[PDB]
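Engineer: Before anything else, here's the structure in question.
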Amino acid sequence: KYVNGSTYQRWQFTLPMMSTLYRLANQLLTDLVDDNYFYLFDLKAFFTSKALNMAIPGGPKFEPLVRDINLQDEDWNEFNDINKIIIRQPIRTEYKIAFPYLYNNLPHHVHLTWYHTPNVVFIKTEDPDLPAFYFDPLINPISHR
Amino acid sequence: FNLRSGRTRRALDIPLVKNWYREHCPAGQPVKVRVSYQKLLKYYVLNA
Amino acid sequence: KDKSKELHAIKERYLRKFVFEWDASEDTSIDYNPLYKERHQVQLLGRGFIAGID
Amino acid sequence: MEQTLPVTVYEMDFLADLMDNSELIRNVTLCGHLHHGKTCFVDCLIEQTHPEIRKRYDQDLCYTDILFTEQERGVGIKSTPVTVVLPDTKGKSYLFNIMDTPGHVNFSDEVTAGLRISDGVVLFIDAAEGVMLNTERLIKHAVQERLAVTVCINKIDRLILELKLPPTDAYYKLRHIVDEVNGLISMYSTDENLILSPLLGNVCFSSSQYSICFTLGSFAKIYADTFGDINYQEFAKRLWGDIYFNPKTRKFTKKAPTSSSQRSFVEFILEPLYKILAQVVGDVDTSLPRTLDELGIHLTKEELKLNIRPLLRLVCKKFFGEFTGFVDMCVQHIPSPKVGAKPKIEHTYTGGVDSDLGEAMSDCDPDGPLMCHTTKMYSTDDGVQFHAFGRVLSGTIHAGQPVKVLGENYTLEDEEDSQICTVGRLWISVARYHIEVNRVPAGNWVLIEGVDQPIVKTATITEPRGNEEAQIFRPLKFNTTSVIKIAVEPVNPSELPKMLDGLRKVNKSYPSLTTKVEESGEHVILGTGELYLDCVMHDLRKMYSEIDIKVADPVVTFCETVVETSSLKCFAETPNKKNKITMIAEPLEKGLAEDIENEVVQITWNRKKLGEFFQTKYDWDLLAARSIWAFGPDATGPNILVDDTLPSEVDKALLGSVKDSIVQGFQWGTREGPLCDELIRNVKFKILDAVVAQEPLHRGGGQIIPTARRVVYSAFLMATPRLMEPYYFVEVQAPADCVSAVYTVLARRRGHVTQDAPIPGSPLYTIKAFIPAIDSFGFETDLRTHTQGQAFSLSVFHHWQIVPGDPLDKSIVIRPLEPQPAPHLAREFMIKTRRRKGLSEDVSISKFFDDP
Amino acid sequence: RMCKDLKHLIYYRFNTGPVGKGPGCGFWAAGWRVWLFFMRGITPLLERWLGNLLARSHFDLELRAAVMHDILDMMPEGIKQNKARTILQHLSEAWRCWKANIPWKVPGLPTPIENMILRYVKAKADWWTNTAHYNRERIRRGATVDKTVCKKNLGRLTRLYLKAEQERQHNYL
Amino acid sequence: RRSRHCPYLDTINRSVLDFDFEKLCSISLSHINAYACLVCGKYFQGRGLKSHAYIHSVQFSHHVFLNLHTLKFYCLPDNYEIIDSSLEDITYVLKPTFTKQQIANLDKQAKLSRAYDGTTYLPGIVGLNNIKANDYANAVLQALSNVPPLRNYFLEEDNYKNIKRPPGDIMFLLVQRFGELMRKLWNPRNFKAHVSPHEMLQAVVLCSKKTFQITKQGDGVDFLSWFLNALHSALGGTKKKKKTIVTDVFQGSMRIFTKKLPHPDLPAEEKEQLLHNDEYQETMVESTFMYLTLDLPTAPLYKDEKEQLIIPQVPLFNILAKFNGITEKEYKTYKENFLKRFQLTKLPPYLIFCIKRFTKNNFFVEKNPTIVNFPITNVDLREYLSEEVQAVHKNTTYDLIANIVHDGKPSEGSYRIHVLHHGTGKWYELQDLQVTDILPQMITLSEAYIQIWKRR
Amino acid sequence: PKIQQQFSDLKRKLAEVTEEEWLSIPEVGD
Ligand SMILES: O=P(O)(O)O[C@H]1[C@H](OP(=O)(O)O)[C@@H](OP(=O)(O)O)[C@H](OP(=O)(O)O)[C@@H](OP(=O)(O)O)[C@H]1OP(=O)(O)O
Ligand SMILES: Nc1nc2c(ncn2[C@@H]2O[C@H](COP(=O)(O)OP(=O)(O)OP(=O)(O)O)[C@@H](O)[C@H]2O)c(=O)[nH]1
Ligand SMILES: [Mg+2]
Ligand SMILES: [Zn+2]
């Protein structure tokens, strides 16, 4: 009923079994309901950062994929004229990973990260004595009329 | 755990803590565990 | 130091032995920005918890 | 015919035959907020109409989002048209031209290119998130483009499987959403005949993850096919809205019986939907087959082995069936386009409905004079040839037929923006395949090959050798302003032509893209945000020009304004030394620039109504209010040219002799502006005096246009000039705990939070804020990184606000690579733009006088 | 290093709460995984080594030896104490005459042997030109060479520069 | 009505009128309705109000514009057409047109033409500009200029404009920009004595997909091979139209006689037993050539008594000993050595010899410095033909008309070309912009890389 | 290729020469 056979190849489980196995493995899982947590921290973000020779702060650091443009070897064109550049905030590493074609000259072998996925507003149920469909107090109230 | 049917995997093939260094390293950690998170991420990314 | 590293980040955007440990010079996450050092850890509606930690 | 098309439920001869009968066509734009379910809804309609095209189990087939950047980003970037044949609840098949538009607010322009060729709108609303930024903006832009508005409340499963609301409280959530859309439509429209309620069929409820789609009529027809004797339309009239069911009298009452009974929507619609979703996701093994037997659904043993989300999609595909409530809604509440031809011609045609061609375009007949209108250019993936996409409003395009494409600068007196192009091929554009047709009659959408050369943004295709009095359709008035400005050069200058070629191509692909070259030879792309320009830059480097391209830092375009009247009344004589013009520049009244820009006034009005507006609204004398010459750099621009020339001092016929050239010089002067060559805004230019030469070869043209620009510039500069910042309105969707984090992120970037309001019925908050657009670069990255992805922001252009500095302040030293403080930001913003523009280092107020 | 990484990953989640520092943490699946994935890769290396065990820069020298071997195979085998030294001196003499831009035509040499020496001289000529230019880019770039490499290189470049200069003079004529 | 009486026609200077480049607005990039300002040469889009030409006219007081497509002159900001015959040379420099009487008498032009600046030139003997590393393509394009029938094809746009293209076909840009360049090079009333080939080369860069760049020089034989094959591919209308002008001018038919040599490492009994196997017999794989590849014998590795130059030297007939039916050439691929004989069957009217200079040895690319001793006014190629053929070929005597010469190392090389001006008998060495008058006796002293010959 | 794989053609044509021409090979003293 629950596995393939003696070869132990395919399993099919009842959802109470999967629920209690999920509860027994609660300590090994982060209870994220999204991959929004991995914004600029997923694989694409790190492939991008490796391709741009940039290091995301919580992330890895590699050898340069391409030979870098030395910004003391480029020779003050009308393009990179620093008297034309309005500085408001420092354009971080994260902005060149987040928008690799806007903020990088030569984005090569670069990976467009996934944008927002919509925020999974899942209310974990603390009390099983509560109905499964229940207006939890995390939910903001709907003021009638 | 979002599955209810699946194919059986080797015990080698199940990294119990891969989605731990794939998180951001928690606050208040010393520097060696932070570089350990970043280098686990480095070889994760080099594998992928 | 962090204002110094901020303007350094601007100014550089535009202008045998078996070692068993990783160095602290291998580190990243040495940020100047207070939005990126103190990075508001997920309160998963106050009901989800980070893996492994007690 | 003659092409290899996928297997479909209909057949393409029936699609090509529904194309002819333009009563059975619905030109529909599916528009909404970002990720509110539109592409997955088109996926559901494609899976309904194509049996071999099926979504994968763990990953949603998009089937629009056919670009690589769309598949990698996950954000819809371009509008993809999909022409299906969808059956109605009564079983009647209607041809549906559906524009799946991007819901990201930066790509709002793309929605406008879909709103022009549509007769109706389905506004998609996340049932969890509710009404968001782009849902309000596309309500506004949909009722302002004179479109019929319907609502699909998508993602109702988030009320069930995420929020786990009670069915009464999720009914309150859906009712709050419908009330919010009704309030927005009553805000942006004086008419209240377009009330949106599901009782009317205007509101559809959906879950495009699980292929739920019902109106009240299509859910009532599930009862009508389950139980025979019930008439489902009368039932659908009772299903929503504080109507309770009395099961002892079997009658629907407005008074609640039992003091704990539910509404008809909760009892008959929401609780069955909850029980279906709860029996699938909770009790598949134990009690799904008996409830599936109760619903009439039998699944195969292979099908019950599925995971819970594909099993939900399958169970609701068998229960709800086809998406006939969507077709109910768009057939009853979106025009014909025979019916919708007359508001379309009244709104978007320049000749109006009263023309001899506007009449024949209101009739929408395929045997009429050809009046196609293309708003989108779709590149083939080799990048070389574009295909103009739009609707045939009269006549019939034919493949191989020579045709007269009129660009946006074609007027009937300036007939040079036309070109006779041979139409190569015609395609009925479904998203991942094109049905090549020999002809396309009126009312239908068409991809046209061969007319791509003489047009950049927007075309009116007519026929040659007739339609000599054929005018263009209006250019796309966009929802927002392309403000973010990036400079773009090739890494190797030798492949500049490829980049220039590619620049032309991104000018075709993105409808509100502005590619210009500044006077320094700097190539400049204007966009609506950083995701928009990231996709533009991706297409520029990868799709169109295969070369490497340096980007500059993103900067914004500024405006220029005045804050007080001009100190001395400024003057300029021509190089003849005749024709002195004497102007002052004073700031406009508050809200007047918003009135000229949002077409609350027009110079196309007569002098009586225009003078009556300016008298009754802004305390102008009728002396001044009957003396308005023009309206800023375009016909709807935020400046006014008034002549306060008394007829005693000036001959008024001699002044009307050069009114055209003074208006042209004023429009060019407000288009460039003397501070940093960026648009003058909110400035009233009063012509105080005007010497005019007597004979017409001494006035006019090459004398008085640059003289009028010089007196506009000097009158502007003697008034105290200020720069204006574009301000982005930022709607942040954060959790309740991340609100103070959003405040902290905004406080580092000059952003003022307007509001932090709870999303009612969701655990999230919306922080509405006003960031400057020069300070929004990496703001969403700052926000989503600092909040660990939990907060998410969409920022769209809202207004222009005066920069806190003074731009004509030589006292201010600016070290070149530092973030300047606020009280001289304008001095940083003026000269660097002037350096970018390449103009002189500083502009003096005496540069355009005659004394120096 | 990776296993130490996983130790730092595991311990600092293990040693939270009331658990302090100490030798009591054993969550061994991560490191055990890493060492098995190493065993995956070196299993066929050690297997190939046991299958092998438990069984049963100087192109002128190589080129000169190969061309000497190719003449010395096709000799009449009655003569190899006589002519194998003389044809080596003919090889070195043709190479000395190529390095000198002077005519090398031995009239008594038979034209297949002459054609093979010509071929040898062309192969050594192309190698010699290439190694002179390569060693010059090495020396000029700043790579560390000794006295005889520079001396040798300078002799090679002097003969190459005078071949180019003689070609320049004859192009002027 | 104020046409023929425009005041601003003195404001035109033809010294800035460069009509060699992309006809795009210099502000909006648009090819639609581009107008040259005749006061500064800069292109701007539109002739109406709020266009870039209008705003430019009032911004700079530059009050005369030429429609770059319609060839009609306009005064902006105030607008009217200009009808003046003195402006006709501006349109003729922008769009040179050649009548059939002007094409037939185009090679009978002994008198020099004057440019607008005081610089005499001959039409066709016109310098091509050097962008970074370009002289291979300037040399080949100057070689395909001064070929009369290919020129006469590309001087009338009507010869090639109406032929059918695929929808997404970039390869026809070579045909139309080659025709534009040919009309600019043979323009007898130019404004300067030199033509920038830059648009033609951007068509080359786009059509070869960054083969044959302008920043990096290629080989002239590779560029001529690709360019004749690409002109022949693109002048076929949505098919292989078998005879284009490139085939009608340059293509001949050779008859290759491939013979498989058995194997060298076998005994003699098996070696002559393999002769009856008929895999080791002669074939006839008769094909068509655009150009004949002439293989020089290698630089002789030693100087010799007789002549005292270090420069080796072959007659033309000794490297045209290949392509008679007697001389066999060894071909050597993996496992197999063939003995290819060649035999010219159809001799083209304009025969290209691509003399193979650069061969790669084991280490680098070496240029053969051998000087082909060719005559320039008579080669009877009658005896390189079968007697099955020599009754068909009435004229087989060829005169040299173009000689592309590569100078220098294979790395740091340059290209010049000695073109024979017809009408005169004078030969001109064009190295990209400079035009020297070279003597007829000095052509055969240079390293002939590519040669084009005319059948008379 | 290897070296004798380049010299194989000349080795096989070097097999052609007669033994009257083998000891009449001069030395380089001239
Ligand atoms: O990180 P390592 O260089 O490999 O050394 C660690 C580390 O000791 P240090 O802090 O002195 O470097 C651990 O201590 P903490 O990381 O917890 O501070 C300690 O673990 P415990 O103190 O919790 O026992 C562990 O010891 P072990 O791995 O044997 O459990 C020990 O490794 P060493 O045995 O190599 O010293
Ligand atoms: N819970 C839930 N999620 C859905 C539903 N419909 C779509 N989604 C998810 O929400 C995300 C929305 O993506 P799309 O629907 O493809 O995007 P869109 O709504 O067209 O908006 P754009 O990205 O601007 O094109 C997808 O990842 C879907 O997986 C739904 O009905 N319920
Ligand atoms: Mg979409
Ligand atoms: Zn000009």
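Residue numbers (PDB author numbering), protein chains in the order written: chain L, 218 to 362; chain P, 411 to 458; chain Y, 241 to 255, 270 to 308; chain U, 105 to 956; chain C, 603 to 658, 679 to 795; chain V, 100 to 555; chain E, 136 to 165.
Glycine residues also receive a C-beta, built at the ideal position from the N, C-alpha and C atoms.
Determine which residues share a DSSP beta bridge with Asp394/V and list them.
Structural biologist: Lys455/V
Engineer: Give me the Cα-Cα distance between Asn423/V and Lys148/E, rounded to the nearest whole angstrom.
Structural biologist: Going from the Cα of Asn423/V to the Cα of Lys148/E covers about 26 Å.
Engineer: With a threshold of 6 Å on Cβ separation, who are the neighbours of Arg650/C within its own chain once the five nearest residues in sequence on each side are excluded?
Structural biologist: none
Engineer: Can you tell me where the beta strand (DSSP E) holding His856/U begins and where it ends?
Structural biologist: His856 to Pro862
Engineer: Is it the case that the Cβ atoms of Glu246/Y and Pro307/L are separated by a distance below 8 Å?
Structural biologist: yes
Engineer: Counting only Cβ pairs nearer than 7 Å, list the residues of chain V close to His712/C.
Structural biologist: Correct list: empty, because the minimum Cβ distance to chain V is about 14 Å.
Engineer: Anything in chain E within Cβ reach of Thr708/C, meaning under 9 Å, just list it in chain order.
Structural biologist: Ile160, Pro161, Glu162 and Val163
Engineer: For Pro248/V, I'd like the list of residues in its chain whose CB is within less than 6 Å of its CB, leaving aside the five on either flank, ordered along the chain.
Structural biologist: Excluding positions up to five away in sequence, the list reads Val348.
Engineer: Is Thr143/U near ligand 3, in the sense that its beta carbon is under 7 Å from a heavy atom of that ligand?
Structural biologist: Placement of the Cβ of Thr143/U at a distance of less than 7 Å from at least one heavy atom of ligand 3 is found.
Engineer: Would you tell me roughly how many angstroms separate the C-alpha atoms of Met383/V and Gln241/V, rounded to the nearest one?
Structural biologist: Taken atom to atom, the span from the alpha-carbon of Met383/V to that of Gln241/V is near 36 Å.
Engineer: Buried or exposed: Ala252/U, going by 16 or more other Cβ atoms within 10 Å of its Cβ?
Structural biologist: buried
Engineer: Use the C-beta contact count for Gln575/U: other C-beta atoms within 10 angstroms, 16 or more gives buried, fewer gives exposed.
Structural biologist: buried
Engineer: Taking just the CA atoms, how far does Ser498/U sit from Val587/U?
Structural biologist: 36 Å
Engineer: Is there a Cβ of chain L sitting closer than 8 Å to that of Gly416/P, yes or no?
Structural biologist: yes
Engineer: At 7 Å on the CB atoms, spell out the chain Y contacts of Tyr318/L, in chain order.
Structural biologist: Near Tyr318/L there are no residues of chain Y at all, since even the closest Cβ is about 17 Å away, more than 7 Å.
Engineer: Does the beta-carbon distance from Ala877/U to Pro830/U come in below 8 Å?
Structural biologist: yes
Engineer: Just checking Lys606/C against ligand 1 - is the residue's beta carbon closer than 7 Å to any of the ligand's heavy atoms?
Structural biologist: Within the cutoff, so yes.
Engineer: Taking the CB atoms as reference points, tell me whether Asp192/U and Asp432/U lie closer together than 8 Å.
Structural biologist: yes
Engineer: Restricting to Cα atoms, I'd like to know which of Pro468/V, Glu482/V, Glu511/V and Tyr449/V is closest to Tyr497/V.
Structural biologist: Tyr449/V
Engineer: List the residues of chain Y that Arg852/U touches, going by C-beta distances under 9 Å, in chain order.
Structural biologist: What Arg852/U touches in chain Y: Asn287, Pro288 and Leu289.
Engineer: Can you tell which of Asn131/U, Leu637/U and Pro206/U has its C-alpha closest to the C-alpha of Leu190/U?
Structural biologist: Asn131/U
Engineer: Starting from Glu275/Y, find everything on chain C with Cβ-Cβ shorter than 9 Å and list it in chain order.
Structural biologist: The contacting residues are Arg603 and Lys606.
Engineer: Closer than 9 Å, Cβ to Cβ, to anything on chain P: give me those residues from the region 882–906 of chain U, in chain order.
Structural biologist: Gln892
Engineer: Is the region 736–755 of chain C touching the region 768–788 of chain C in the sense that three or more CB pairs, one from each, lie closer than 8 Å?
Structural biologist: When Cβ pairs closer than 8 Å are counted between the two stretches, the region 768–788 of chain C is seen to touch the region 736–755 of chain C, the count reaching three or more.
Engineer: Straight-line CA distance for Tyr215/V to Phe290/V?
Structural biologist: 4 Å
Engineer: How would you write the range of the alpha helix (DSSP H) that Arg813/U sits in, first residue to last?
Structural biologist: Residue range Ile808 to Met822 is occupied by the alpha helix (DSSP H) that includes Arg813/U.
Engineer: I need the DSSP call for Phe322/V, collapsed to helix, strand or coil.
Structural biologist: DSSP places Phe322/V in helix when its eight states are reduced to three.
Engineer: Go ahead and pull the three-state DSSP assignment for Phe164/V.
Structural biologist: strand
Engineer: Under 8 Å: do the region 919–937 of chain U and the region 300–317 of chain L share three or more Cβ pairs, one atom per stretch?
Structural biologist: yes
Engineer: Please tell me whether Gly178/U and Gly207/U are closer than 8 Å, where the distance is taken between their beta carbons.
Structural biologist: no
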